[PDB]
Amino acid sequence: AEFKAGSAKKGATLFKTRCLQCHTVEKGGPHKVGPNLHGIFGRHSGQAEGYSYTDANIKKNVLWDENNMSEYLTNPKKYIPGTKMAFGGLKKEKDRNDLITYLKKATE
């Protein structure tokens, strides 16, 4: 994937309607179904403390960045076979861009 900066505000609404049910983003926000995502960019997958990950997510051992995030969110289970993240994917490129733009800022 090739991330391009988009709308953080549209990204916030996307995140809040599609991800918030399972994830928080703020520093010190709780793990829910999925892990809190603060600091996710520039951290390896499966390394948020206090969250019980699948072996598949840990073994993937991907250094999260803007580009591999876009790929992941397109089809999570395709990028990380075995993941328990039950999200079909964001198929529109503009949506992933908007979401990732938000995500970069919100996870600081």
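Numbering starts at 1 and runs along the sequence shown.
- In the deposited entry, the Cα temperature factor of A12 sits in the top third of values across the chain's modelled residues.
- Residue-level temperature factors show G82 in the middle third of its chain, judged at the C-alpha atom.
- Ranked by Cα temperature factor within the chain, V25 sits in the lowest third according to the deposited record.
- Per the deposited record, the Cα B-factor of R43 falls in the highest third when ranked against the other modelled residues of its chain.
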